[PDB]
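K.L.:
Before we start, here is the structure in question, set down as structure tokens.
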Amino acid sequence: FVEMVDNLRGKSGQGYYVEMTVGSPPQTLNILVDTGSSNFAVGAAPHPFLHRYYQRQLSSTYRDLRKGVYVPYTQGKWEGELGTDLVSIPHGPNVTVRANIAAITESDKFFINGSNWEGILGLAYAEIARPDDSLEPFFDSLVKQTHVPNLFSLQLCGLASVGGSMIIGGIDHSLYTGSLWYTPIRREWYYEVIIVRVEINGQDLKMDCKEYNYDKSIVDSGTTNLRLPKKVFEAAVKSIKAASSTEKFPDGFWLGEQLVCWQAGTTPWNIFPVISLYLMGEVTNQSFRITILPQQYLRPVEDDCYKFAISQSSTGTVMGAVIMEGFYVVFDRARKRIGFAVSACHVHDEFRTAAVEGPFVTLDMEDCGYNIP
Ligand SMILES: CC(C)(C)CCNC(=O)CCc1cc2cc(-c3ccccc3C#CCC3(NC(=O)c4ccc(F)cc4)CC3)ccc2nc1N
């Protein structure tokens, strides 16, 4: 898997993308890696934000499916035409597959002005594909048509440029330290998981664990922050504020609306607590924990200045890039489980160490799951 190491790039706050080729002859595009959606969709007309776009009429292997696709999101959208074509990942497995492709012809609030990606690779499951779950996602096609094993793994390493690795079809031992622990994929739609306990510097938050997963918890490379359900966010912020109270911060800092700065290299990392998320384990009544250092949740932005990268959610927990940057994450689709291990590229603390540790004894973990009617 050495050929796939370092196949991801990005810019701060703009996501991670991988190089792909589409069509015959191959058209090279940079594609955002998104575990929180399930469509393969590419700019296919000259939106001013795009470095380049897919030109479907120049591909001899493009097949028009003669069906439109429309994907609304928070008063924005992408829209276009469905087809299939041959797709490869140059720094990936040595195969080519015929996959569904959405050729985006109109959009609002989707592309980012100044980013270096032109499309999105939705790696989640068919249930959340548009227009419906009959549109087979890319990874499903990859596994069906080739001998690539049904798993991939992500090491995201944290404008300043960014990098990482997407290992397609396996695990690279060089990308983590310590042990890999697995949590079940609760259901195949999002990469849904169940958080069973939360601690701040070892202090139990002491909430009904259902609150941690209200109304779901997902692992999402398509989101920057650790996003927490409102009630949990408020409890977490209260605790982090208490821990760090020897310094004063504007109210807006805790809302992610202003920076806090310190003289070069005098950042008081010690006053910010570690956060442990306990995840449902593979065995009955067994859990494990992942521990994130403050270096994960205080995002550097151009003194050393930082933005608070924990935010409130009204649609459940989102373990975004912030969390993922601390860990090598294994999406073991074949066995309906997600693995975590400390990332070989995570940012270290002077005196404390990140961890993925277990086992713990946690009873009635099924009750931590929220039941969306
Ligand atoms: C409902 C739908 C299928 C659209 C998404 C369901 N998923 C979520 O709600 C989780 C968050 C998310 C929202 C998304 C929204 C869209 C979308 C659809 C129509 C119009 C606009 C958008 C958008 C957006 C934001 C986005 N993400 C980033 O720009 C990004 C920024 C920083 C990062 F670190 C990672 C990603 C480009 C996907 C596309 C993919 C998404 N992927 C995601 N994981």
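So basically every Cβ, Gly included, is an ideal-geometry build from the backbone, and we count neighbours across all protein chains shown. All of this is worked out from the model, or read from it or from the source named; no laboratory instrument gave them.
One line per residue, one yes/no per condition, for (1) surrounded by fewer than 17 Cβ atoms within 10 Å (Cβ to Cβ); (2) away from the ligand (no atom under 13 Å from the Cβ):
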| position | (1), (2) |
| --- | --- |
| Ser24 | yes, yes |
| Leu29 | no, yes |
| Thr74 | yes, no |
| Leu86 | no, yes |
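K.L.:
Can you confirm whether the stretch 204-214 contains a residue that is in the same structural domain as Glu366 (by CATH), touching a strand residue (DSSP E or B) at 6+ places or on another chain (Cβ under 6 Å) and surrounded by fewer than 17 Cβ atoms within 10 Å (Cβ to Cβ)?
P.N.:
No, because not a single residue in the stretch 204-214 is in the same structural domain as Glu366 (by CATH), touching a strand residue (DSSP E or B) at 6+ places or on another chain (Cβ under 6 Å) and surrounded by fewer than 17 Cβ atoms within 10 Å (Cβ to Cβ).
K.L.:
Can you tell me which residues in the stretch 291-322 are within 11 Å of the ligand (Cβ to nearest atom), hydrophobic (A, V, I, L, M, F, W, C) and outside any strand (DSSP E or B)?
P.N.:
Correct list: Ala309, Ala321, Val322.
K.L.:
Could you tell me which of the residues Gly114, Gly119, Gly92, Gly163 is in the same structural domain as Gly43 (by CATH), more than 12 Å from the ligand (Cβ to nearest atom) and either out of contact with any helix residue (DSSP H, G or I) (no Cβ under 8 Å at 6 or more places or on another chain) or on the phi < 0 side of the Ramachandran plot (or both)?
P.N.:
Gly92
K.L.:
All but one of (1) within 9 Å of the ligand (Cβ to nearest atom); (2) touching a helix residue (DSSP H, G or I) at 6+ places or on another chain (Cβ under 6 Å) hold for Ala103; state the number of the condition that does not hold.
P.N.:
(1)
K.L.:
Continuing with this model, one more query. Out of (1) touching an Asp or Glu at 6+ places or on another chain (Cβ under 8 Å); (2) of a type in the set (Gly, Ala, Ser); (3) over 16 Å from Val318 (Cβ atoms), what's the single condition that is false for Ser245?
P.N.:
With (1) touching an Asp or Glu at 6+ places or on another chain (Cβ under 8 Å); (2) of a type in the set (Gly, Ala, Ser); (3) over 16 Å from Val318 (Cβ atoms) applied to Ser245, the lone miss is (1).
K.L.:
Okay, next question. Among the residues of the stretch 330-373, write down those that are part of a loop (DSSP other than H, G, I, E, B), among the aliphatic types (A, V, I, L, M) and surrounded by 13 or more Cβ atoms within 10 Å (Cβ to Cβ).
P.N.:
If the condition is that a residue be part of a loop (DSSP other than H, G, I, E, B), among the aliphatic types (A, V, I, L, M) and surrounded by 13 or more Cβ atoms within 10 Å (Cβ to Cβ), then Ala344, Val347, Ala354 are the ones that fit.
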